[PDB]
Amino acid sequence: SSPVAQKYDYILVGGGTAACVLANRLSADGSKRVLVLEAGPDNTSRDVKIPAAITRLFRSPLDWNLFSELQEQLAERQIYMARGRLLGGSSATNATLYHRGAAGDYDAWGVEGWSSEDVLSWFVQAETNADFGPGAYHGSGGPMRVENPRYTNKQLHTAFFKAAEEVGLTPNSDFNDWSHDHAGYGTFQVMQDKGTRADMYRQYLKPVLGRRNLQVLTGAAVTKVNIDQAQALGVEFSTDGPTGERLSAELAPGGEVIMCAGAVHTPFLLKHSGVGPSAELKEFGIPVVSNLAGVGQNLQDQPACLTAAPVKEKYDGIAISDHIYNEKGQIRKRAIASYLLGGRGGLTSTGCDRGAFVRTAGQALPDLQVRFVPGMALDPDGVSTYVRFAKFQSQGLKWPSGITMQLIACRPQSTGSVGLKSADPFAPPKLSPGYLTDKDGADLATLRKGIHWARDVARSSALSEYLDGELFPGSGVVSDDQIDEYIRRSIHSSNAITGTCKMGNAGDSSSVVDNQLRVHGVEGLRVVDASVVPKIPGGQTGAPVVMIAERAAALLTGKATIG
Ligand SMILES: Cc1cc2nc3c(=O)[nH]c(=O)nc-3n(C[C@H](O)[C@H](O)[C@H](O)COP(=O)(O)OP(=O)(O)OC[C@H]3O[C@@H](n4cnc5c(N)ncnc54)[C@H](O)[C@@H]3O)c2cc1C
Ligand SMILES: CCCCCCCCCCCCCCCCCC(=O)O
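Residues numbered from 1 in each chain as written, not as in the entry; some residues may be left out. Chains lettered and ligands numbered in written order. Heavy atoms only, no water.

Engineer: Explanation requested: the UniProt feature "binding site: FAD" in the protein chain in the structure shown.
Structural biologist: In the UniProt entry, the feature "binding site: FAD" is given for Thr17, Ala18, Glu38, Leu86, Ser90, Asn94, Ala95, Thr96, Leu97, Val222 and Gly542. Inspection of the secondary structure puts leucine 86 in the loop between α3 (54-57) and α4 (103-107). Beyond its immediate chain neighbours, meaning those up to four positions away, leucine 86 contacts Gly15, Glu38, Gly40, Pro41, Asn43, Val48, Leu62, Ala92 and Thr93. (UniProt positions renumbered as here; feature names shortened; annotations may be inferred. Helix = DSSP H or I, 4+ residues; strand = E, 2+ residues; numbered from the N terminus. Contact = heavy atoms within 4.5 Å.)

Spelled out as structure tokens, the structure:
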């Protein structure tokens, strides 16, 4: 009904992080008809705009509410795996931290055309930075807005920095400057515009909505790609979910389908489309267009655990929870005024924007990311704590003052999978994060050494001044066996998820796309999202996805060549 009569040069499956970038670059010259299909609604929510309202986004209608399969190795628990469900996708629901990782992360891809020297300028072109001048590592002209966080906890942020220096860490003035080592302590920059969320909807798609050769459908769930025995013809979708009519939209001669449904839903949709392992497709009676081993394999996420400590009685009131909520759980008028008049104060904060990269054991690159939060976790699951913080509003209770240190295996060795639980394309995918399954127990050792590290930092003179005991893991958790048991019971996502449609050199039977992002053995089918990342970079994965979408858009419009 909506694309009746219509042929498109490009159908983008999903309207997420990468899709918003592609929709912008691909529609620019006005020749090409571009369609964007997004399952979630328009990006209008105030909870999306205000960084601190990330607390309200978890387990909300603007999240996919995905749960993993039972993880035997994680005390037989299902892991919640947050994913944005709206225009902008996960860029609209994330912690806004701006990380590229290290030169070494891209060199390690071993994929011709995509070394550190090849990707750097695509990061720089996307960027306008408020706090770093233009040069080799920072741009001043790009659509992304990156700034230093506009909230500082004078007492606790300074205490954390002094504590890190006391335990022998060096400051890192810029975690995205590849001229110096990744390791050290400091401040993470944020994808904000004076304390407003600068998601890829706001920065790339919203400004070009008026273009006549660009059509964006929201509430548009793609059930499958249409492929012909092979060549993409287009895609099928519903605009009323499962009980809705099954509309179809068609390509123009030489017109491509571009998978931008992310590292969870891209592998899922390919499998529903006959692209994936024959074994798995055969199981639900799905015809096999291209037998690809890699589809849904090599799922990389950075797992997390945390320590948390209350402050002494004399420091009650200095935590970010005290800057946002009064003693009765009502949002402080001071916080609201500072935000709306100045783009300042606790509402500009996603909480976790100071920390460190640490080598726990002389690795080439840091294995441990620390995220310091000047607020106290009341659940050992950091994501659960954020949900509970949102539900805490107007309960007539005071959130206790304290700190949290979240410990992240940021270059993990463990891998997981996405597959099918049924043939119903509206049923949740079969999601297994595979945390702590690497054969050497390297990821478990990272997090265990991380807890030891967080305890040393808390015991430092700088932080001992402020702190009064330890809540999590607590007194009782002393031995490595007890720490390991705590980690298994409490381990949560730091919300990355890459690698499920991995790119490779010619003659790599594990890769799903070439160094030009084309699905192996299909014509007019590309993947441009986090799925293509072969080896996860150290740090949060939003910036690298935009670099890939920027490069992909240049490839497609003939502005650049790869290899
Ligand atoms: C809670 C959270 C916190 C994070 N914090 C950070 C951080 O601080 N900094 C950072 O850099 N990274 C962060 N990340 C990771 C980062 O946001 C992602 O790696 C990146 O946004 C991935 O973008 P993508 O385009 O691959 O997918 P997404 O942005 O997730 O886009 C996928 C889109 O496809 C849609 N979709 C799915 N299936 C279908 C279908 N069948 N039909 C139509 N549409 C469909 C979805 O609704 C969604 O909009 C965070 C992630 C989350 C979830
Ligand atoms: C947003 C205002 C700060 C509220 C913090 C509440 C209490 C402290 C808990 C800290 C938990 C560990 C950090 C987990 C970060 C979750 C977000 C993410 O992973 O993207």
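Once you've had a look at it, read on.
Engineer: Which parts of the structure should I look at to understand the pattern of salt bridges?
Structural biologist: Between side chains of opposite charge, a pair can form when the charged atoms approach closely. Evaluated as defined, the whole model comprises 20 salt bridges. Across the pair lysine 398 and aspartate 322 runs a salt bridge, and its minimum N-O distance is 2.7 Å. Separated by 76 residues along the polypeptide, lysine 398 in the loop between α12 (382-391) and β17 (402-409) and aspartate 322 in helix α10 (residues 320-324) bring together distant segments of the chain. The buried category is assigned to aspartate 322, whose relative accessible area is 5%. Its salt-bridge partner being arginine 354, residue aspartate 353 comes within 2.9 Å of it at the nearest N-O pair. A relative accessible area of 2% means that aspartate 353 is categorised as buried. For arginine 354, a relative accessible area of 4% gives the class buried. Overlapping salt bridges, with partners in common, bring together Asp316, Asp322 and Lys398 in one network. (Salt bridge = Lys/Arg side-chain N within 4 Å of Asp/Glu carboxyl O. Buried < 20%, exposed > 50% of the residue type's maximum accessible area, 1.4 Å probe, protein only.)

Engineer: Just to check I follow, could you spell out the nonpolar core for this structure?
Structural biologist: Most often, soluble globular proteins have nonpolar side chains that are buried together. Core analysis: the biggest nonpolar cluster contains 140 residues, and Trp114 and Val257 have the highest contact counts within it. No other element matches the 11 residues that helix α16 (residues 542-556) contributes to this core. Of all hydrophobic cores here, the second largest spans 18 residues; its members include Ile54, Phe357, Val373 and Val387. (Core = buried A, V, L, I, M, F, W, Y, C linked by side-chain atoms within 4.5 Å.)

Engineer: How should the packing of aromatic side chains be read in this particular structure?
Structural biologist: Aromatic ring pairs are described here by two measures, namely the spacing of the ring centres and the angle between the planes. Evaluated as defined, the whole model comprises 19 aromatic pairs. Ring centres of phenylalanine 58 and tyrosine 386 lie 6.3 Å apart, and the angle between their planes is 75°; this geometry places the pair in the edge-to-face category. As far as burial versus exposure is concerned, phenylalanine 58 and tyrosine 386 are alike and both buried. Feature note: the residues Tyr106, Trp109, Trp114, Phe123 and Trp178 constitute an aromatic cluster, connected by ring pairs. Its guanidinium or amino end placed over the ring of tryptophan 64, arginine 85 lies 4.7 Å from that ring's centre, counting from NZ or CZ. (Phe/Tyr/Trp six-rings, centres within 6.5 Å; stacked < 30°, edge-to-face > 60°. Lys NZ or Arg CZ within 6 Å of the ring centre and 35° of its normal.)

Engineer: Teacher, can you tell me more about the site of ligand 1 here?
Structural biologist: Close contacts around ligand 1 come from 41 residues, with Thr17, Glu38, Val222, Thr541 and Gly542 the closest. The separation between an oxygen atom of ligand 1 and a polar side-chain atom of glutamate 38 is 2.7 Å. Contacts to ligand 1 include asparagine 94, whose side-chain N or O atom sits 3.3 Å from an oxygen atom. The fraction of the free accessible surface of ligand 1 (1000 Å²) that becomes covered by protein chains is 98%. Tallied by class, the residues present in the shell around ligand 1 amount to 20 nonpolar, 17 polar and four charged. (Near = heavy atom within 4 Å. Polar contact = N/O pair within 3.5 Å; in protein donor to acceptor, adjacent residues only side chain to side chain. Areas by Shrake-Rupley, 256 points an atom, 1.4 Å probe, with all protein chains shown as cover. Nonpolar A, V, L, I, M, F, W, Y, C, P; charged D, E, K, R; others polar.)

Engineer: Looking at this model, I keep getting lost on α12. Mind explaining?
Structural biologist: Because each turn of an α-helix spans 3.6 residues, side chains separated by three or four positions in sequence point in the same direction. Among the 10 residues of α12, seven are classified as buried, and the element is accordingly described as predominantly covered. What α12 keeps buried is the set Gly382, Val383, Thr385, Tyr386, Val387, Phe389 and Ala390. Backbone nitrogen of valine 383 and a side-chain oxygen of the N-cap are separated by 3.0 Å at the start of α12; the cap is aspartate 381.

Engineer: Any chance you could explain the sheet that holds strand β5 (residues 184-187) here in plain terms?
Structural biologist: The six strands lie next to each other as β5-β15-β16-β17-β14-β20, forming an open sheet whose pairing is antiparallel. Looking at strand neighbours, the two that pair on one side only are β5 and β20 (492-493), the edges of this open sheet. (Pairing = 2+ DSSP bridges.)

Engineer: Quick question: what am I supposed to make of the UniProt feature "binding site: hexadecanoate" in the protein chain here?
Structural biologist: Under the UniProt annotation, "binding site: hexadecanoate" lies at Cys352, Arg371, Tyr386 and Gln406. Despite a sequence span of 55 residues, these residues sit close together in the fold, their greatest C-alpha distance being 14.3 Å. Turning to its location among the elements, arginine 371 is positioned in strand β16 (residues 368-373). On the basis of relative accessibility, which here comes to 6%, the residue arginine 371 falls in the buried class. With sequence-adjacent residues up to four places away left out, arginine 371 is seen in contact with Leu97, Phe188, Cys352, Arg354, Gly355, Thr404, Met405, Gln406, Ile408, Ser494 and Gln540. A polar side-chain atom of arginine 371 sits 2.8 Å from a polar atom in the side chain of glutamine 406. Mapped onto the elements of the fold, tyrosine 386 is located in helix α12.

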